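K.L.:
One structure, as C-alpha cells, below. Some questions next.
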Amino acid sequence: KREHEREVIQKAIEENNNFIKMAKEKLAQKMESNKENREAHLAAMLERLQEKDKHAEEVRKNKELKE
Amino acid sequence: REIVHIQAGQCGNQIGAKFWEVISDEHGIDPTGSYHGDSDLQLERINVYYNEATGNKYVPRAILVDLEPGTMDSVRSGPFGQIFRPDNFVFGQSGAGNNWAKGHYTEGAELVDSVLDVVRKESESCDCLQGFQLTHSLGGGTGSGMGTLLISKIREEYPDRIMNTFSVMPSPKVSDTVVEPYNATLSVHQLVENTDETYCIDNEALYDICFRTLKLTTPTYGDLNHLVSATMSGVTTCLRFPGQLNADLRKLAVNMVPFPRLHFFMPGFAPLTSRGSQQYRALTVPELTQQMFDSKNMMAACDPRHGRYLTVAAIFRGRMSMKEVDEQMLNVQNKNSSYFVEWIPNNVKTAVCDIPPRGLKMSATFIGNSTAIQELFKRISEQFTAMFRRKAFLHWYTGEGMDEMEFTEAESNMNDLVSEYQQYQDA
Ligand SMILES: Nc1nc2c(ncn2[C@@H]2O[C@H](COP(=O)(O)OP(=O)(O)O)[C@@H](O)[C@H]2O)c(=O)[nH]1
Ligand SMILES: [Mg+2]
C-alpha cells in the first residue's frame with residue numbers, strides 16, 4: 001500500500017508536468033507558425049510592389065527608346 | 001490501559017471537542033485542567049483518557065488534526081479549548097476540498113508524518129497503551145482520506161494495538177457536496193480492513209431523530225452533535241469508570257466481533273433529548289429498555305427488524321434497581337428472541353454505572369452489531385453507483401493521481417461486506 005501511495009502522487013506530478021510541458025510546446029509552435037505566415041504574407045506583398053517598380057522602370061525605359 | 005485519541009477534519013474536530021467537553025465534566029475536570037469533583041469514582045480510571053500534569057493537572061491524550069486551521073482555531077477558542085496540549089495541534093494550510101484523494105494521497109501525505117510524531121510521543125508516555133480511537137467523517141477529504149491514511153500507518157507501527165473509530169456517515173439530508181458517497185465508499189474499504197471497532201454514526205439518523213422525534217424544524221450540526229456527544233459518552237462509559245464488563249478496547253472487541261470484517265456497530269441511546277430542553281420526568285427501567293432498542297433511538301438509519309443481532313452491549317447509567325435491569329434485559333431477549341442469532345448463546349451483555357450523565361438522572365446506551373447495518377452500506381453503494389456509472393465528478397480524483405480501478409475495487413469490497421452481513425441474517 002505504501003508503494004501504491006507513492007505511485008499515485010508520482011502519477012499526479014507526472015500528468016501535471018506533462019500538461020505544463022505540452023501547453024508550453026503547443027504555444028511555442030503556434031507563435032512560430034504565426035510568425036512565418038505573417039512574414040510570408042508581408043513578403044509577398046512587397047514583392048508584388050517591387051515588380052511595380054521594375055515595371056515602371058521598363059515603362060520609362062520604353063519611352064527613351066521611343067525617340 | 002491508556003487510549004490515544006485522534007480527531008481529524010472539520011467534523012472530527014467538532015464532535016471530538018464536544019466529546020472532551022462532555023466527559024471532562026463527568027470526570028470533574030474544568031477547562032483549566034483542574035479536578036473539582038466530589039466522588040472518587042471519577043478519578044479511578046481517568047488515566048485511560050487523561051495524562052497527569054504538574055499541579056495535579058489533567059491533560060487529554062488527544063491529537064487534533066486538519067488540513068486547514070479554521071475548525072481547530074475554533075476549538076482552541078471554544079469552551080474547553082485550553083485543556084488540549086498545544087503541541088498536539090497538527091495542521092496544514094491547503095485543505096482537502098472534500099476530496100478523499102487529497103486527504104489520502106497528496107495534501108495529507110505531506111502532513112501525516114508530523115501527526116505520527118505526536119502519536120509516537122504520546123504512546124511512549126503510556127504505561128500500557130491499549131489502542132487508539134479516531135473521530136472523523138467519511139464524507140469529506142481530511143477526516144475521510146487522511147484519517148484512513150493515519151489508521152493504515154498507525155497499524156503499521158502498532159499492529160498489536162486496537163484501532164477504534166467513531167465514523168460519521170454522509171446523508172443527502174445533511175450534505176455538503178455530491179461526492180460524499182465517493183469519499184465514504186473509499187473510506188469504508190479502509191475501515192473494513194484496518195479497524196477492530198467502528199461506531200457507525202449516520203447523519204441521516206441524527207437528522208431524522210432531531211426532526212421526527214425531537215421536533216426540531218431545522219436542525220443544525222450543533223443539534224446533531226448533541227446526540228453524538230451523548231452517544232460517545234455512553235459507549236465509552238465502561239472504559240472510563242470501574243467495571244468488569246467491556247472495560248478495555250480488546251475485551252469489547254472479543255465480545256462484539258464474531259467475524260473480523262463485521263465490526264460496524266449501531267449505537268443507540270435513551271432518553272432522546274434536545275439541547276436546552278429540560279427533562280423533569282425520569283424514565284422507568286422498562287421505558288429505558290424499550291426505547292434504547294427502538295429504531296427511533298438508533299444512531300444508524302437501519303431497521304433492526306430487517307436483520308438479526310450478532311452481539312449487543314448495553315450500559316445503564318444512574319441510580320436504579322439492577323434486578324429490574326436484568327429482568328427487563330432478559331424480557332427483551334425472551335420476547336423478541338428471533339431477532340437474536342441462536343448460534344451465539346447469551347450474546348447480550350449488560351453493564352451498570354452509578355454516575356449518570358449531566359442533566360439526566362438515568363440513561364441507557366445501546367451498542368448493537370446487527371446484520372441490518374447492511375442497509376447503511378447498501379444506501380451508500382446506490383448513491384455511489386448512480387454517479388460512477390457515468391464516471392461523474394471523477395476528474396476531481398483522477399487529477400490527484402487516482403485511477404478508476406481503485407473506485408471499482410472499493411465498490412466491490414463494500415458490496416462484499418453487504419453480502420457477508422446477508423449471509424448471517426439467513427443462518
Ligand atoms: N455530525 C456532523 N457532521 C459533520 C460536521 N461537519 C461536517 N459533517 C459531515 O461530514 C461530511 C463533510 O466532511 P468534513 O468533516 O467537513 O470534511 P473534512 O474537514 O475535510 O474532514 C458531510 O457528510 C457532513 O455532513 C459536524 O459538525 N457534525
Ligand atoms: Mg466541511
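Following the order of the C-alpha cells, first chain is A, next is B, and so on, with residues numbered from 1 inside each chain and ligands from 1 in the order they appear.
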Near residue 362 in chain B, within 12 Å and counting only C-alpha atoms, which residues show up once chain neighbours fewer than 4 positions away are dropped, as an NGL selection string?

P.N.:
:B and (234 or 269-272 or 279-285 or 287-289 or 315-321 or 352-358)

K.L.:
Take the selection from the previous step and output its residues with C-alpha atoms, as a PDB file, in the first residue's frame.

P.N.:
ATOM      1  CA  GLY B 234     -22.168   6.274  26.817  1.00  0.00           C
ATOM      2  CA  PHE B 269     -29.423   5.964  23.242  1.00  0.00           C
ATOM      3  CA  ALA B 270     -32.256   6.752  25.661  1.00  0.00           C
ATOM      4  CA  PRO B 271     -33.885   9.017  26.535  1.00  0.00           C
ATOM      5  CA  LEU B 272     -33.586  11.141  23.392  1.00  0.00           C
ATOM      6  CA  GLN B 279     -36.367  16.859  31.255  1.00  0.00           C
ATOM      7  CA  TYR B 280     -38.214  16.658  34.569  1.00  0.00           C
ATOM      8  CA  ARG B 281     -39.583  13.114  34.481  1.00  0.00           C
ATOM      9  CA  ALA B 282     -37.063  10.296  34.980  1.00  0.00           C
ATOM     10  CA  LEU B 283     -37.726   7.229  32.840  1.00  0.00           C
ATOM     11  CA  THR B 284     -38.544   3.882  34.418  1.00  0.00           C
ATOM     12  CA  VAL B 285     -36.254   0.949  33.620  1.00  0.00           C
ATOM     13  CA  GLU B 287     -39.029   2.594  29.453  1.00  0.00           C
ATOM     14  CA  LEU B 288     -35.251   2.870  29.070  1.00  0.00           C
ATOM     15  CA  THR B 289     -35.040  -0.713  27.831  1.00  0.00           C
ATOM     16  CA  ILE B 315     -24.880   0.178  29.642  1.00  0.00           C
ATOM     17  CA  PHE B 316     -27.413   1.594  32.085  1.00  0.00           C
ATOM     18  CA  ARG B 317     -26.384   4.733  33.978  1.00  0.00           C
ATOM     19  CA  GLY B 318     -27.733   6.206  37.215  1.00  0.00           C
ATOM     20  CA  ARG B 319     -29.334   5.014  40.450  1.00  0.00           C
ATOM     21  CA  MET B 320     -31.618   2.075  39.684  1.00  0.00           C
ATOM     22  CA  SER B 321     -32.642  -1.478  40.552  1.00  0.00           C
ATOM     23  CA  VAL B 352     -24.353  -0.627  35.041  1.00  0.00           C
ATOM     24  CA  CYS B 353     -22.700   2.594  36.217  1.00  0.00           C
ATOM     25  CA  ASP B 354     -23.796   4.666  39.208  1.00  0.00           C
ATOM     26  CA  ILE B 355     -22.806   8.010  37.666  1.00  0.00           C
ATOM     27  CA  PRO B 356     -25.451   9.307  35.257  1.00  0.00           C
ATOM     28  CA  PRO B 357     -24.647  11.818  32.513  1.00  0.00           C
ATOM     29  CA  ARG B 358     -25.311  15.527  33.029  1.00  0.00           C
TER      30      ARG B 358
END

K.L.:
So that I can see what lies close to range 299-313 of chain B, please list as a PyMOL selection string the residues with an atom at most 8 Å from it, counting only C-alpha atoms and leaving out residues fewer than 2 positions away in the same chain.

P.N.:
chain B and resi 200-206+255-258+266-269+295+297+315+338-341+344+347-351+366-373+375-376+425

K.L.:
How would the residues just chosen look if you wrote them out with N, CA, C and O atoms as a compact mmCIF listing (two decimals), in the first residue's frame?

P.N.:
# COMPACT_ATOMS: atom_id res chain seq x y z
N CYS B 200 -20.85 3.32 13.76
CA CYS B 200 -21.45 3.96 12.60
C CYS B 200 -22.45 5.02 13.03
O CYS B 200 -23.55 4.69 13.49
N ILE B 201 -22.07 6.28 12.89
CA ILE B 201 -22.91 7.40 13.27
C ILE B 201 -23.49 8.05 12.02
O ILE B 201 -22.82 8.82 11.34
N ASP B 202 -24.75 7.73 11.73
CA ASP B 202 -25.38 8.14 10.49
C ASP B 202 -26.04 9.51 10.61
O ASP B 202 -26.93 9.71 11.43
N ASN B 203 -25.59 10.45 9.79
CA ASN B 203 -26.17 11.79 9.77
C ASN B 203 -27.63 11.76 9.36
O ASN B 203 -28.40 12.66 9.70
N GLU B 204 -28.02 10.72 8.63
CA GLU B 204 -29.41 10.53 8.27
C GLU B 204 -30.24 10.28 9.53
O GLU B 204 -31.26 10.92 9.75
N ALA B 205 -29.78 9.34 10.35
CA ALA B 205 -30.47 9.00 11.59
C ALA B 205 -30.48 10.18 12.55
O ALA B 205 -31.48 10.43 13.22
N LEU B 206 -29.35 10.89 12.64
CA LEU B 206 -29.27 12.03 13.53
C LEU B 206 -30.24 13.12 13.09
O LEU B 206 -30.85 13.78 13.93
N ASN B 255 -15.88 -9.56 22.53
CA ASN B 255 -17.29 -9.80 22.82
C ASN B 255 -18.24 -9.33 21.73
O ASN B 255 -19.38 -9.79 21.66
N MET B 256 -17.79 -8.42 20.87
CA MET B 256 -18.67 -7.78 19.89
C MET B 256 -18.43 -8.23 18.45
O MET B 256 -19.30 -8.05 17.60
N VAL B 257 -17.26 -8.81 18.18
CA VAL B 257 -16.86 -9.11 16.80
C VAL B 257 -16.64 -10.61 16.58
O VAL B 257 -15.54 -11.12 16.82
N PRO B 258 -17.68 -11.33 16.13
CA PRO B 258 -17.52 -12.76 15.83
C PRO B 258 -16.73 -13.01 14.56
O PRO B 258 -16.10 -14.07 14.43
N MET B 266 -24.09 -0.41 15.47
CA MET B 266 -25.18 0.56 15.57
C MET B 266 -25.29 1.08 17.01
O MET B 266 -25.64 0.32 17.91
N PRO B 267 -24.98 2.37 17.23
CA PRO B 267 -25.20 2.90 18.58
C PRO B 267 -26.64 3.36 18.79
O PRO B 267 -27.28 3.81 17.84
N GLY B 268 -27.13 3.22 20.01
CA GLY B 268 -28.46 3.68 20.37
C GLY B 268 -28.41 4.37 21.72
O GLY B 268 -27.46 4.19 22.47
N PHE B 269 -29.44 5.16 22.03
CA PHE B 269 -29.42 5.96 23.24
C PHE B 269 -30.83 6.33 23.72
O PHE B 269 -31.73 6.57 22.92
N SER B 295 -35.99 1.51 16.90
CA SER B 295 -35.28 2.06 15.75
C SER B 295 -35.16 3.57 15.84
O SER B 295 -34.17 4.15 15.40
N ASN B 297 -34.41 5.32 18.13
CA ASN B 297 -33.31 5.70 19.02
C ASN B 297 -31.95 5.27 18.49
O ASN B 297 -30.92 5.56 19.10
N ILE B 315 -25.42 -0.48 28.46
CA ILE B 315 -24.88 0.18 29.64
C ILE B 315 -25.92 1.14 30.21
O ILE B 315 -26.21 2.18 29.62
N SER B 338 -36.22 -13.99 18.17
CA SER B 338 -35.98 -14.23 16.75
C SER B 338 -34.96 -13.25 16.19
O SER B 338 -34.23 -13.58 15.25
N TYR B 339 -34.90 -12.06 16.77
CA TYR B 339 -34.01 -11.01 16.28
C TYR B 339 -32.61 -11.09 16.90
O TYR B 339 -31.81 -10.17 16.77
N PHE B 340 -32.34 -12.21 17.58
CA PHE B 340 -31.00 -12.51 18.08
C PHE B 340 -30.58 -13.86 17.52
O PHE B 340 -31.35 -14.82 17.57
N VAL B 341 -29.37 -13.94 16.97
CA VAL B 341 -28.90 -15.19 16.38
C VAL B 341 -28.81 -16.27 17.45
O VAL B 341 -28.28 -16.04 18.54
N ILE B 344 -25.14 -17.86 18.62
CA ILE B 344 -24.25 -17.22 19.60
C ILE B 344 -25.01 -17.11 20.92
O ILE B 344 -25.71 -16.13 21.16
N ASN B 347 -25.65 -13.66 23.81
CA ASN B 347 -24.90 -12.65 23.07
C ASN B 347 -25.20 -11.22 23.51
O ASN B 347 -24.64 -10.27 22.96
N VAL B 348 -26.07 -11.07 24.51
CA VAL B 348 -26.39 -9.75 25.05
C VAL B 348 -25.76 -9.59 26.43
O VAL B 348 -26.03 -10.37 27.34
N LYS B 349 -24.93 -8.57 26.56
CA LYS B 349 -24.24 -8.27 27.81
C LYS B 349 -24.60 -6.88 28.31
O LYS B 349 -24.75 -5.95 27.53
N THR B 350 -24.75 -6.76 29.63
CA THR B 350 -25.19 -5.52 30.25
C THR B 350 -24.25 -5.07 31.36
O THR B 350 -23.79 -5.88 32.17
N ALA B 351 -23.98 -3.77 31.39
CA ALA B 351 -23.19 -3.15 32.44
C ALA B 351 -24.03 -2.06 33.10
O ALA B 351 -25.01 -1.59 32.52
N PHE B 366 -26.90 1.98 23.93
CA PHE B 366 -27.00 0.72 23.21
C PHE B 366 -25.86 0.61 22.20
O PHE B 366 -25.53 1.58 21.53
N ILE B 367 -25.25 -0.57 22.13
CA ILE B 367 -24.25 -0.86 21.11
C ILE B 367 -24.56 -2.20 20.47
O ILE B 367 -24.31 -3.25 21.07
N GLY B 368 -25.12 -2.16 19.27
CA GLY B 368 -25.53 -3.36 18.57
C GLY B 368 -24.70 -3.67 17.34
O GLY B 368 -24.41 -2.79 16.54
N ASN B 369 -24.32 -4.94 17.21
CA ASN B 369 -23.76 -5.45 15.96
C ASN B 369 -24.84 -6.24 15.23
O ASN B 369 -24.97 -7.45 15.40
N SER B 370 -25.61 -5.53 14.41
CA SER B 370 -26.73 -6.13 13.68
C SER B 370 -26.38 -6.29 12.21
O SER B 370 -25.62 -5.50 11.65
N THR B 371 -26.93 -7.33 11.59
CA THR B 371 -26.76 -7.54 10.16
C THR B 371 -27.55 -6.49 9.37
O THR B 371 -27.33 -6.30 8.18
N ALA B 372 -28.47 -5.82 10.06
CA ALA B 372 -29.29 -4.78 9.44
C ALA B 372 -28.44 -3.58 9.01
O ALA B 372 -28.90 -2.74 8.24
N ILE B 373 -27.22 -3.50 9.52
CA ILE B 373 -26.32 -2.39 9.20
C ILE B 373 -26.03 -2.35 7.70
O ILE B 373 -25.63 -1.32 7.16
N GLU B 375 -27.97 -2.15 5.41
CA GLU B 375 -28.84 -1.15 4.80
C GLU B 375 -28.13 0.19 4.70
O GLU B 375 -28.41 0.98 3.79
N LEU B 376 -27.21 0.44 5.62
CA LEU B 376 -26.42 1.66 5.60
C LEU B 376 -25.47 1.63 4.41
O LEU B 376 -25.38 2.60 3.65
N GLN B 425 -27.64 -13.33 8.27
CA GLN B 425 -29.02 -12.96 8.53
C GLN B 425 -29.95 -14.13 8.24
O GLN B 425 -31.06 -14.20 8.77

K.L.:
Taking 3 positions as the minimum chain separation for residues in the same chain, which residues sit within 12 Å of residue 24 in chain B when counting only C-alpha atoms? Answer as a ChimeraX atom specification.

P.N.:
/B:17-21,27-37,42-43,46,49-50,58-60,79-81,83-84,229,233,240,357-358

K.L.:
Kindly compile the residues surrounding ligand 2 within 12 Å, counting only C-alpha atoms and all ligand atoms, and format them as number ranges by chain.

P.N.:
B: 8-14, 66-68, 70-71, 95-99, 136-144, 170, 174-177, 180, 221

K.L.:
Please dump the current selection as a tab-separated table (two decimals), in the first residue's frame; keep N, CA and C atoms.

P.N.:
chain	number	residue	atom	x	y	z
B	8	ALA	N	-9.88	14.17	13.33
B	8	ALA	CA	-9.41	14.60	12.02
B	8	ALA	C	-10.50	15.29	11.21
B	9	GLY	N	-10.16	16.44	10.63
B	9	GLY	CA	-11.08	17.16	9.77
B	9	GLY	C	-12.04	18.04	10.54
B	10	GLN	N	-12.97	18.66	9.82
B	10	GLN	CA	-13.94	19.57	10.42
B	10	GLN	C	-14.86	18.84	11.38
B	11	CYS	N	-15.58	17.85	10.87
B	11	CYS	CA	-16.50	17.05	11.67
B	11	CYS	C	-15.78	16.38	12.84
B	12	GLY	N	-14.68	15.70	12.53
B	12	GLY	CA	-13.90	15.00	13.54
B	12	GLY	C	-13.51	15.87	14.72
B	13	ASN	N	-13.11	17.11	14.44
B	13	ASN	CA	-12.69	18.03	15.49
B	13	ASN	C	-13.87	18.66	16.22
B	14	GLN	N	-15.00	18.80	15.53
B	14	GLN	CA	-16.16	19.44	16.13
B	14	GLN	C	-16.90	18.51	17.09
B	66	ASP	N	-5.97	18.47	11.10
B	66	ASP	CA	-6.75	19.02	9.99
B	66	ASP	C	-5.82	19.57	8.91
B	67	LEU	N	-6.31	19.67	7.68
B	67	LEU	CA	-5.52	20.21	6.58
B	67	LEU	C	-5.78	21.70	6.39
B	68	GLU	N	-6.65	22.26	7.23
B	68	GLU	CA	-6.83	23.70	7.32
B	68	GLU	C	-7.02	24.10	8.78
B	70	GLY	N	-8.92	26.45	10.19
B	70	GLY	CA	-10.20	27.05	10.55
B	70	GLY	C	-10.88	26.43	11.75
B	71	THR	N	-11.27	25.17	11.63
B	71	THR	CA	-12.03	24.49	12.67
B	71	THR	C	-11.23	24.34	13.96
B	95	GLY	N	-6.03	22.59	2.98
B	95	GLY	CA	-7.35	21.98	2.99
B	95	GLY	C	-7.41	20.80	2.05
B	96	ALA	N	-8.56	20.12	2.02
B	96	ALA	CA	-8.71	18.89	1.24
B	96	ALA	C	-9.85	18.97	0.22
B	97	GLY	N	-10.61	20.06	0.24
B	97	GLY	CA	-11.68	20.28	-0.72
B	97	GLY	C	-12.67	19.13	-0.83
B	98	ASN	N	-13.04	18.56	0.31
B	98	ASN	CA	-13.96	17.42	0.36
B	98	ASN	C	-13.52	16.31	-0.59
B	99	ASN	N	-12.20	16.14	-0.71
B	99	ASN	CA	-11.61	15.23	-1.68
B	99	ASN	C	-10.78	14.15	-0.99
B	136	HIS	N	-14.04	11.15	13.12
B	136	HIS	CA	-13.97	11.72	11.78
B	136	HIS	C	-15.25	11.47	11.01
B	137	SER	N	-15.43	12.23	9.93
B	137	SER	CA	-16.48	11.96	8.96
B	137	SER	C	-15.90	11.19	7.79
B	138	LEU	N	-16.76	10.53	7.02
B	138	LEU	CA	-16.32	9.77	5.85
B	138	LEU	C	-16.69	10.48	4.55
B	139	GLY	N	-17.39	11.61	4.67
B	139	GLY	CA	-17.92	12.31	3.51
B	139	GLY	C	-17.05	13.42	2.99
B	140	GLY	N	-16.06	13.84	3.78
B	140	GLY	CA	-15.17	14.92	3.39
B	140	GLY	C	-13.86	14.42	2.81
B	141	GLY	N	-12.81	15.20	2.99
B	141	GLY	CA	-11.50	14.88	2.45
B	141	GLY	C	-10.48	14.54	3.51
B	142	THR	N	-10.38	15.38	4.54
B	142	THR	CA	-9.37	15.20	5.58
B	142	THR	C	-9.69	14.02	6.48
B	143	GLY	N	-10.79	14.12	7.23
B	143	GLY	CA	-11.20	13.07	8.14
B	143	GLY	C	-11.36	11.73	7.45
B	144	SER	N	-11.87	11.77	6.22
B	144	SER	CA	-12.11	10.56	5.45
B	144	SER	C	-10.82	10.04	4.81
B	170	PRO	N	-22.18	9.98	5.67
B	170	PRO	CA	-22.85	11.08	4.97
B	170	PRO	C	-24.30	10.76	4.60
B	174	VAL	N	-28.36	15.77	5.00
B	174	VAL	CA	-27.37	16.66	5.60
B	174	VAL	C	-26.08	16.54	4.81
B	175	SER	N	-26.00	17.29	3.71
B	175	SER	CA	-24.96	17.09	2.71
B	175	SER	C	-24.23	18.39	2.37
B	176	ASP	N	-22.91	18.29	2.25
B	176	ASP	CA	-22.07	19.42	1.87
B	176	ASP	C	-21.79	19.41	0.37
B	177	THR	N	-21.52	18.22	-0.16
B	177	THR	CA	-21.18	18.07	-1.58
B	177	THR	C	-21.73	16.76	-2.14
B	180	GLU	N	-19.75	12.97	-1.59
B	180	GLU	CA	-19.68	12.29	-0.29
B	180	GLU	C	-19.78	10.76	-0.40
B	221	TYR	N	-25.80	21.41	12.73
B	221	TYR	CA	-24.74	20.47	13.09
B	221	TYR	C	-24.57	20.44	14.61

K.L.:
I'd like the interatomic distance between CA of residue 134 in chain B and CA of residue 196 in chain B, to a tenth of an Å.

P.N.:
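Computing it gives 11.8 Å between the two atoms.
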
K.L.:
May I have the residues of chain B within 7 Å of chain A, counting only C-alpha atoms, written as a PDB file with N, CA, C and O atoms, in the first residue's frame?

P.N.:
ATOM      1  N   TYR B 105      -3.654  10.863  -0.456  1.00  0.00           N
ATOM      2  CA  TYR B 105      -2.533  10.648  -1.376  1.00  0.00           C
ATOM      3  C   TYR B 105      -1.605  11.845  -1.594  1.00  0.00           C
ATOM      4  O   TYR B 105      -0.405  11.656  -1.792  1.00  0.00           O
ATOM      5  N   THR B 106      -2.144  13.062  -1.568  1.00  0.00           N
ATOM      6  CA  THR B 106      -1.340  14.250  -1.861  1.00  0.00           C
ATOM      7  C   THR B 106      -1.216  15.180  -0.654  1.00  0.00           C
ATOM      8  O   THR B 106      -0.208  15.144   0.050  1.00  0.00           O
ATOM      9  N   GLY B 399      -7.362  13.767 -11.018  1.00  0.00           N
ATOM     10  CA  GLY B 399      -6.445  14.890 -11.003  1.00  0.00           C
ATOM     11  C   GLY B 399      -5.406  14.802  -9.900  1.00  0.00           C
ATOM     12  O   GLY B 399      -4.375  15.470  -9.968  1.00  0.00           O
ATOM     13  N   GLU B 400      -5.676  13.983  -8.885  1.00  0.00           N
ATOM     14  CA  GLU B 400      -4.732  13.776  -7.788  1.00  0.00           C
ATOM     15  C   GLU B 400      -3.967  12.463  -7.952  1.00  0.00           C
ATOM     16  O   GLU B 400      -3.241  12.047  -7.049  1.00  0.00           O
ATOM     17  N   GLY B 401      -4.132  11.817  -9.104  1.00  0.00           N
ATOM     18  CA  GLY B 401      -3.365  10.628  -9.440  1.00  0.00           C
ATOM     19  C   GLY B 401      -4.132   9.324  -9.338  1.00  0.00           C
ATOM     20  O   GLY B 401      -3.590   8.262  -9.646  1.00  0.00           O
ATOM     21  N   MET B 402      -5.389   9.389  -8.910  1.00  0.00           N
ATOM     22  CA  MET B 402      -6.183   8.178  -8.734  1.00  0.00           C
ATOM     23  C   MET B 402      -6.668   7.616 -10.063  1.00  0.00           C
ATOM     24  O   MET B 402      -6.894   8.353 -11.022  1.00  0.00           O
TER      25      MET B 402
END

K.L.:
Could you state the separation of CA of residue 296 in chain B and CA of residue 363 in chain B in Å, given to one decimal place?

P.N.:
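It comes out at 15.6 Å.
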
K.L.:
Quote the spacing between CA of residue 92 in chain B and CA of residue 111 in chain B in Å to one decimal place.

P.N.:
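Computing it gives 6.7 Å between the two atoms.
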
K.L.:
If we count only C-alpha atoms, what is near range 378-385 of chain B at a cut-off of 10 Å, once residues fewer than 6 positions away on the same chain are taken out, given as a PyMOL selection string?

P.N.:
chain B and resi 169-172+178-185+188+301+391-392+407-408+410-412+414-415+417-419

K.L.:
Create the file for the chosen residues now, containing N, CA and C atoms and written as a compact mmCIF listing (two decimals), in the first residue's frame.

P.N.:
# COMPACT_ATOMS: atom_id res chain seq x y z
N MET B 169 -21.31 8.95 9.00
CA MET B 169 -21.70 8.60 7.64
C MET B 169 -22.43 9.76 6.97
N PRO B 170 -22.18 9.98 5.67
CA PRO B 170 -22.85 11.08 4.97
C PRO B 170 -24.30 10.76 4.60
N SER B 171 -25.12 11.80 4.46
CA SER B 171 -26.52 11.64 4.08
C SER B 171 -26.96 12.83 3.22
N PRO B 172 -27.75 12.57 2.16
CA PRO B 172 -28.24 13.69 1.34
C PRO B 172 -29.07 14.69 2.13
N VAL B 178 -21.73 16.66 -3.47
CA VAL B 178 -22.27 15.49 -4.15
C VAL B 178 -21.34 14.28 -4.12
N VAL B 179 -20.06 14.50 -3.80
CA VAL B 179 -19.06 13.44 -3.87
C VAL B 179 -18.88 12.70 -2.55
N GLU B 180 -19.75 12.97 -1.59
CA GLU B 180 -19.68 12.29 -0.29
C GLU B 180 -19.78 10.76 -0.40
N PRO B 181 -20.65 10.25 -1.30
CA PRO B 181 -20.70 8.79 -1.47
C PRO B 181 -19.39 8.21 -2.00
N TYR B 182 -18.69 8.95 -2.85
CA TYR B 182 -17.37 8.54 -3.31
C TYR B 182 -16.40 8.45 -2.13
N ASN B 183 -16.31 9.54 -1.38
CA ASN B 183 -15.41 9.62 -0.24
C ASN B 183 -15.70 8.55 0.80
N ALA B 184 -16.98 8.27 1.01
CA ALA B 184 -17.40 7.33 2.03
C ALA B 184 -17.08 5.89 1.63
N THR B 185 -17.35 5.55 0.37
CA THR B 185 -17.11 4.20 -0.13
C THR B 185 -15.62 3.86 -0.08
N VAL B 188 -14.83 3.29 3.69
CA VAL B 188 -15.34 2.05 4.27
C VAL B 188 -14.41 0.90 3.92
N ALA B 301 -29.29 4.83 10.54
CA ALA B 301 -30.59 4.73 9.89
C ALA B 301 -30.82 3.34 9.31
N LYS B 391 -19.30 7.98 -14.49
CA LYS B 391 -17.98 8.50 -14.14
C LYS B 391 -18.06 9.98 -13.80
N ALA B 392 -19.15 10.39 -13.16
CA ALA B 392 -19.40 11.79 -12.87
C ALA B 392 -18.56 12.27 -11.69
N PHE B 407 -11.71 2.88 -7.62
CA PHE B 407 -13.11 3.07 -7.28
C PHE B 407 -13.88 1.76 -7.41
N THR B 408 -13.58 1.03 -8.48
CA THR B 408 -14.23 -0.25 -8.76
C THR B 408 -13.97 -1.25 -7.65
N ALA B 410 -13.10 -0.55 -4.48
CA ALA B 410 -13.78 -0.07 -3.28
C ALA B 410 -15.26 -0.43 -3.33
N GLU B 411 -15.87 -0.19 -4.48
CA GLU B 411 -17.27 -0.56 -4.71
C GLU B 411 -17.49 -2.05 -4.48
N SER B 412 -16.61 -2.87 -5.05
CA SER B 412 -16.73 -4.32 -4.95
C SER B 412 -16.58 -4.81 -3.51
N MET B 414 -17.23 -3.17 -0.71
CA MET B 414 -18.35 -2.77 0.12
C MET B 414 -19.56 -3.65 -0.19
N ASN B 415 -19.71 -4.04 -1.46
CA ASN B 415 -20.78 -4.95 -1.84
C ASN B 415 -20.53 -6.35 -1.28
N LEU B 417 -18.97 -6.82 1.64
CA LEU B 417 -19.32 -6.61 3.04
C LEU B 417 -20.82 -6.77 3.25
N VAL B 418 -21.60 -6.17 2.35
CA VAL B 418 -23.05 -6.28 2.38
C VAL B 418 -23.49 -7.74 2.34
N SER B 419 -22.94 -8.50 1.40
CA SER B 419 -23.35 -9.89 1.20
C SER B 419 -22.93 -10.76 2.39

K.L.:
With distances taken over only C-alpha atoms and all ligand atoms, which residue among B:242, B:103, B:276, B:86 lies nearest ligand 1?

P.N.:
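Of B:242, B:103, B:276, B:86, the one nearest ligand 1 is B:103, counting only C-alpha atoms and all ligand atoms.
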
K.L.:
DSSP says helix (DSSP H, G or I) for which residues of range 57-103 of chain B? Put them as an mmCIF file with C-alpha atoms, in the first residue's frame?

P.N.:
data_model
loop_
_atom_site.group_PDB
_atom_site.id
_atom_site.type_symbol
_atom_site.label_atom_id
_atom_site.label_comp_id
_atom_site.auth_asym_id
_atom_site.auth_seq_id
_atom_site.Cartn_x
_atom_site.Cartn_y
_atom_site.Cartn_z
ATOM 1 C CA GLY B 70 -10.200 27.053 10.547
ATOM 2 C CA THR B 71 -12.032 24.489 12.671
ATOM 3 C CA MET B 72 -9.088 23.878 15.013
ATOM 4 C CA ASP B 73 -8.815 27.613 15.686
ATOM 5 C CA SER B 74 -12.488 27.467 16.689
ATOM 6 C CA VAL B 75 -11.674 24.563 19.018
ATOM 7 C CA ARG B 76 -8.820 26.468 20.648
ATOM 8 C CA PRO B 86 -0.907 22.919 22.348
ATOM 9 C CA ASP B 87 1.832 20.778 20.763
ATOM 10 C CA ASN B 88 -0.835 18.230 19.783
ATOM 11 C CA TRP B 100 -10.600 11.773 -0.409
ATOM 12 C CA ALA B 101 -7.634 11.656 -2.789
ATOM 13 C CA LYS B 102 -6.241 14.933 -1.440
ATOM 14 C CA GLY B 103 -6.508 13.659 2.121
#

K.L.:
Would you please work out which residue, of B:328, B:337, B:39, B:135, is nearest to ligand 1 when using only C-alpha atoms and all ligand atoms?

P.N.:
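Of the candidates, the smallest distance to ligand 1 is held by B:135.
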